[PDB]
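Novice: Take a look at this one; I'll ask things after.
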Amino acid sequence: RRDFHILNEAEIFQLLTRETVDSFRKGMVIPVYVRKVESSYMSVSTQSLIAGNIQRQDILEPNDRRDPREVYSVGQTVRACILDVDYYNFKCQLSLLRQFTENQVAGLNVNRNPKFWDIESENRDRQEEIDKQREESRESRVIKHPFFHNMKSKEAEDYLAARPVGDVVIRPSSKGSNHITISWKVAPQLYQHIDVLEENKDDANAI
Amino acid sequence: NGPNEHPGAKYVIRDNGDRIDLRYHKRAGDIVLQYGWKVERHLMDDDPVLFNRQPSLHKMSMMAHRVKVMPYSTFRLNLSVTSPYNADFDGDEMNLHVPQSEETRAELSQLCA
Amino acid sequence: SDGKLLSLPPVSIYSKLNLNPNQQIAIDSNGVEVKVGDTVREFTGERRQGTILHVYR
Amino acid sequence: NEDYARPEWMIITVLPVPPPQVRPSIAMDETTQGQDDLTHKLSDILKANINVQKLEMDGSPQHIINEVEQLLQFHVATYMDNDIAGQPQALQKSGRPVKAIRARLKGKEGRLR
Amino acid sequence: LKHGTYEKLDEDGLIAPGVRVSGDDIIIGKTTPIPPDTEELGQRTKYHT
Amino acid sequence: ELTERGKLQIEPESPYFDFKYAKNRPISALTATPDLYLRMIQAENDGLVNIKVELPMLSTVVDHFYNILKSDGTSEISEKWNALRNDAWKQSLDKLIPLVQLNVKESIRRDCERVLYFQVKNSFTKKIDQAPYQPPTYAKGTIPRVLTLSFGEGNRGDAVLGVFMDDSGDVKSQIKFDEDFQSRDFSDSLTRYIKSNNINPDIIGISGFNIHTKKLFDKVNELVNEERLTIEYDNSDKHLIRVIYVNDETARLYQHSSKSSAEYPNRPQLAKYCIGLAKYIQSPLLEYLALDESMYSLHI
DNA sequence: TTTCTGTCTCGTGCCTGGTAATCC
RNA sequence: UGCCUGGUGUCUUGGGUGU
DNA sequence: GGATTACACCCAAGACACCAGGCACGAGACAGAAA
Ligand SMILES: [Mg+2]
């Protein structure tokens with residue numbers, strides 16, 4: 001048999017942190033835990049007890065001029081991106097810049113060659129799911145007013161048809177819950193719909 | 001305001017039923033309230049409470065009053081209600097019971113007032 | 001974590017993964033911290049919802 | 001009633017043993033806890049049952065059998081009612097009468113009131 | 001342990017006269033021995049006795 | 001192909017995402033990567049995906065067999081006969097295709113399974129092929145006297161346990177260090193245990209459950225480098241006693257096995273873990289054998 | 001007297017059972 | 001980086017307080 | 001013979017399985033005995 005096998009840096013790291021070198025390397029986003037906040041750096045801890053630090057250039061955005069302590073405090077965990085890993089010393093440096101924490105989405109290295117990958121199908125499914133995300137729900141509006149009636153434009157005109165000239169009805173507007181359509185009889189078989197824009201609304205159903 | 005400053009609160013109860021104690025919470029300012037939660041706030045003015053003196057001989061011995069928070073350590077009554085309670089101020093003690101629901105509050109304010 | 005089911009004797013299992021709240025931390029898509037027992041809803045897919053039982057990676 | 005109250009069920013042949021929730025133990029001091037009265041009475045009943053079973057299989061002088069079975073009857077009866085007029089009550093080692101189940105339910109301090 | 005504070009006790013477990021005390025404070029410190037558990041496995045003498 | 005279940009369940013993090021839209025993958029290259037085909041089959045069995053085998057030149061074979069079968073007549077009667085023959089031939093192809101697809105699928109499945117079986121065999125052999133540690137100035141195969149030190153986790157209240165075993169494989173003495181491992185008292189007590197009691201271990205093993213064990217390893221290495229704790233050699237550059245990390249799958253499984261409890265009824269779990277580490281250093285093969293059924297649950 | 005030791009008393013330990021009206 | 005605790009006998013008896 | 005005799009509240013103080021006697025494990029001391 002071969003002599004006793006001595007663990008190396010990668011094997012020791014995997015044994016201690018129970019995290020593989022592949023799953024913990026450059027270009028990965030992990031929810032680290034803030035442990036100490038300082039003006040020039042922030043000391044954070046990962047899930048696997050790996051102590052990390054970030055130099056002041058990356059805790060806050062380059063455009064912002066605030067203080068690290070005001071924005072982030074102890075116990076406020078944030079997402080971070082791995083920049084460097086000291087496997088021997090179990091030390092890592094992180095970045096809070098959104099160019100890493102947000103843009104890194106397709107982190108897999110799957111070969112997307114059109115000859116062997118159906119890019120068109122994945123794209124089509126992508127707009128399908130994005131349109132599904134765009135899909136929402138809407139409901140009717142209820143208002144309490146003596147001259148308010150939940151009628152269509154033609155319905156309001158027909159309701160005012162049986163009434164003499166000058167009678168007024170109020171119905172929801174098609175421009176949104178912040179708009180109100182008022183229909184009044186200008187003349188026999190002649191009606192005017194006037195849109196009213198609402199400001200400082202307490203509620204969608206409120207006036 | 002917390003459980004030591006009036007007006008304040010003692011607990012925050014989530015939808016699932018878990019109770020958040022505000023004495024032992026270090027991040028009380030970091031609590032956001034969602035609709036449907038319950039806040040066990042302090043007793044405030046105009047809260048209906050049932051008020052009682054023993055022995056309860058008749059149904060006028062339990063009546064619902066409106067709370068007014070005052071200093072010092074005694075319950076205070078308008079003197080006209082000392083007749084139905086058969087109470088005077090030579091050392092008598094009386095019991096106060098707090099309703100814990102909207103239904104019970106409505107019952108107290110509409111029936112026993 | 002893969003989504004499959006296994007059957008093993010109690011001896012074969014390594015040990016329970018005792019994790020403190022300083023270790024069992026979850027962050028949602030928007031970056032807001034979510035703790036144990038909270039209710040979250042899937043952003044896409046079946047869009048299901050439920051209470052968190054355990055958080056790992 | 002044939003379904004619910006059959007006459008021969010008025011004679012006890014098997015005894016139900018209540019859970020410890022009914023007869024909780026109390027810690028008298030920091031070290032020694034105290035068994036409840038019902039627990040001691042059930043222990044006495046079970047000892048009498050063991051004694052009857054042992055006596056029956058070994059050797060049967062009718063006088064001894066009558067004495068031991070009458071002791072078992074007394075223990076079972078006093079476990080449920082310790083105020084039977086016409087005979088002495090069951091006493092604890094401290095000299096106080098045993099608090100039977102019937103005594104738990106009656107009076108101002110009983111279960112119902 | 002009681003939820004009060006033990007910081008007002010002296011070395012002998014007794015408070016000293018002249019000390020202001022409030023409700024639930026500990027004025028007498030007393031402990032009773034308990035048979036130790038298997039915590040001697042890996043506890044550095046920090047096991048409850 | 002993807003079913004609706006496949007359309008919804010194959011997420012960018014799921015292992016099935018590697019072949020969510022694969023197309024025209026060569027069969028001959030599959031045998032070199034058996035796990036991809038195995039995972040495709042597993043996803044198919046879950047009702048998510050559908051695996052299809054197709055030939056670019058299927059029309060060529062159909063036309064060639066038709067030309068062999070078709071008649072050379074040009075009359076309308078011959079045209080009708082040729083049409084009937086071609087339609088029957090197309091129906092025969094429709095019936096025949098699924099069976100051939102299934103046969104080819106089974107053949108590739110067997111090939112990939114055999115390849116992965118051989119790969120797992122080689123991985124296991126590599127895992128279990130290691131002779132015991134050879135102390136210096138000794139021939140290969142000699143069983144060394146070993147000392148294991150461990151504390152497990154390193155939280156406040158984590159004493160360091162020490163277990164020493166001789167070359168005979170029998171436990172000789174177990175010691176507790178109840179002071180802080182960073183104190184001078186810890187180092188002095190460890191030095192006294194190492195030297196005074198004539199223990200003279202040939203190699204010292206250190207292991208744990210987290211990164212806190214690294215500090216203990218560094219402290220022990222510094223102590224060894226400072227006190228010059230050279231190995232005793234039976235009767236001159238005396239060599240230092242080596243301190244290394246130890247793989248502990250077998251130790252972790254041994255600390256929970258009832259075999260240790262029967263063997264050591266009055267010992268802590270950490271003592272059993274240290275004994276397992278020491279036995280693994282003495283003889284990895286026997287420790288791997290001791291797993292019995294739990295060896296199959298190792299990450300091979 | 002020096003030295004190996006016996007073996008029977010004895011300290012430490014423990015099991016477990018004996019022992020006031022009234023009223024219907 | 002050293003890091004925070006809710007858990008309180010029972011049974012008798014006596015003396016009191018307001019009606 | 002049996003059953004029941006106002007309501008609520010406060011505080012303090014004294015008692016609550018003890019024991020003894022027969023069975024086991026370990027130890028040790030002072031006296032035996034060869035030299
Ligand atoms: Mg009075």
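Cβ coordinates were reconstructed from backbone atoms using ideal geometry, including for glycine residues, and neighbour counts include every protein chain displayed. What follows is calculated from the coordinates using simple rules that are stated; it is not laboratory data.
Novice: For the residue pair C:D2 and F:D178, what label-to-label distance in nm results when each label sits 7 Å from Cα along the Cα-to-beta-carbon direction?
Specialist: 4.7 nm
Novice: What is the spin-label model distance, in nm, from B:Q54 to A:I194 if the labels are put 7 Å beyond Cα along the C-beta direction?
Specialist: It works out to 7.1 nm between the two label points.
Novice: Can you tell me, using C-alpha contacts under 8 Å and at least 6 residues apart, the relative contact order of chain A as a whole percent?
Specialist: Values: 292 pairs, mean separation 26.1, N = 207.
Answer for chain A is 13 percent.
Novice: Continuing with this model, one more query. Taking each residue of F:20-29 in turn, how many C-beta atoms of other protein chains fall within 10 Å of its C-beta, and what is the average? Walk me through the intermediate numbers first.
Specialist: Values: counts 6, 11, 5, 8, 4, 2, 1, 0, 0, 0.
What the average comes to for F:20-29 is 4.
Novice: Could the peptides F:28-34, C:12-18, F:111-117 be put in order, highest first, of the mean number of other beta-carbon atoms found within 10 Å of their residues? Mind dumping the intermediate values first?
Specialist: Working: F:28-34: 12.9, C:12-18: 11.0, F:111-117: 15.1.
Descending mean neighbour count gives F:111-117, F:28-34, C:12-18.
Novice: Per q in 0.05, 0.11 1/Å, what log10 I(q)/I(0) does a Debye calculation on the alpha-carbon atoms of the protein assembly as shown return?
Specialist: The Debye formula, applied to the Cα set alone, gives -0.62, -1.41.
Novice: Separate question: In what sequence, highest mean first, do F:63-72, D:2-11 appear when ranked by Cβ atoms within 10 angstrom? Walk me through the intermediate numbers first.
Specialist: Working: F:63-72: 11.2, D:2-11: 6.8.
Per-residue Cβ counts within 10 Å, averaged per peptide and sorted highest first, yield F:63-72, D:2-11.
Novice: Assuming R0 = 51 Å, what is the FRET efficiency of B:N78 and A:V71, from their Cβ-Cβ distance, to the nearest 0.05? Spell out each step's value before the answer.
Specialist: Details: r = 56 Å, r/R0 = 1.10.
The formula returns an efficiency of 0.35 here.
Novice: For the residue pair A:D167 and F:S258, what label-to-label distance in nm results when each label sits 7 Å from Cα along the Cα-to-beta-carbon direction?
Specialist: The two pseudo-label positions are separated by 9.1 nm.
Novice: For the cross-link pairs D:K54/D:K93; D:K41/D:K106; B:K10/E:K2; A:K132/F:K20; E:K2/F:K215; F:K172/F:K214, which exceed 29 Å when the distance is taken from alpha carbon to alpha carbon? Before the final figure, lay out each step's value.
Specialist: On the way: D:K54/D:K93 26 Å; D:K41/D:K106 19 Å; B:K10/E:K2 22 Å; A:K132/F:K20 20 Å; E:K2/F:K215 37 Å; F:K172/F:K214 26 Å.
Cα-Cα > 29 Å for E:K2/F:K215; rest within.
Novice: Let me ask another. Before rounding to the nearest 500, sum -39500 (n - 2.57) across all DSSP H runs of length at least 4 in chain F and divide by the residue total; then give [θ] at 222 nm in deg cm²/dmol. The partial results should precede the final answer.
Specialist: Working: 10 runs with 146 residues, N = 300.
Taking each H run of at least 4 residues, the total per residue is -16000 deg cm²/dmol.
Novice: Hey, another quick one. Using R₀ = 41 Å, calculate the FRET efficiency as 1/(1 + (r/R₀)^6) where r is the Cβ-Cβ separation of F:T137 and F:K215; round to 0.05.
Specialist: It comes out at approximately 0.85.
Novice: Also: Provide the percentage of antiparallel DSSP beta bridges, counting only those with both residues in chain F; round to the nearest 5. Intermediate results must be reported in sequence, preceding the final value.
Specialist: Working: 13 of 21 bridges.
In chain F, approximately 60 percent of DSSP beta bridges are antiparallel ones.
Novice: Oh, and also: Considering the zone a paramagnetic label at F:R110 would reach in this model (a point 7 Å from Cα along the Cα-to-Cβ line), which residues of the stretch F:47-85 have amide N under 18 Å from it?
Specialist: none
Novice: Against the longest alpha carbon principal axis of chain B, how many degrees, from 0 to 90 and to the nearest 10, is the axis of helix B:102-111 turned?
Specialist: For B:102-111 against chain B, the angle is about 20 degrees.
Novice: Let me ask something else about it. Please determine, in degrees from 0 to 90 and to the nearest 10, the orientation of helix D:62-80 with respect to the longest principal axis defined by the Cα atoms of chain D, where the helix direction is its Cα long axis.
Specialist: So the helix axis and the longest Cα principal axis differ by about 30 degrees.
Novice: Let me ask another. Per residue of A:116-126, how many C-beta atoms from partner chains lie within 10 Å of its own C-beta, taken as a mean? Mind dumping the intermediate values first?
Specialist: Values: counts 7, 6, 6, 2, 1, 6, 2, 1, 0, 6, 0.
For this peptide, the per-residue mean of nearby foreign Cβ atoms is 3.
Novice: So, one more: Mind pulling the angle between the C-alpha long axis of helix D:37-58 and the longest principal axis of chain D? Nearest 10 degrees, somewhere in 0 to 90.
Specialist: Computed tilt is about 10 degrees.
Novice: Follow-up question, since we're still on this one. Report D for chain D in µm² per second (integer): Stokes-Einstein, Kirkwood Rh on Cα pairs, 25 °C, 0.890 mPa s.
Specialist: Numbers: Rh = 16.5 Å.
Taking Rh from Cα pairs, D becomes 149 µm²/s.
Novice: So if we plug the beta-carbon distance of D:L15 and B:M70 into 1/(1 + (r/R0)^6) with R0 = 41 Å, what FRET efficiency do we get, rounded to 0.05?
Specialist: Details: r = 60 Å, r/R0 = 1.46.
Efficiency for this residue pair is about 0.10.
Novice: Residues of A:2-10, mean number of Cβ from any other protein chain within 10 Å of their own Cβ, rounded to a whole number? Don't jump to the answer; show the numbers that get you there.
Specialist: Values: counts 4, 6, 11, 8, 4, 4, 1, 0, 0.
Per residue, the average neighbour count from other chains is 4.
Novice: A further question on this structure: Which residues in the stretch F:229-244 place their backbone N less than 11 Å from a point set 7 Å from the Cα of F:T191 along the Cα-to-Cβ direction?
Specialist: Zone members listed by number: F:229.
Novice: A follow-up question, please. Under 20 Å from a label point 7 Å along Cα→Cβ of B:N4: give me every residue in the stretch E:15-41 with its amide N that close.
Specialist: E:20-26, by backbone N distance to the label point.
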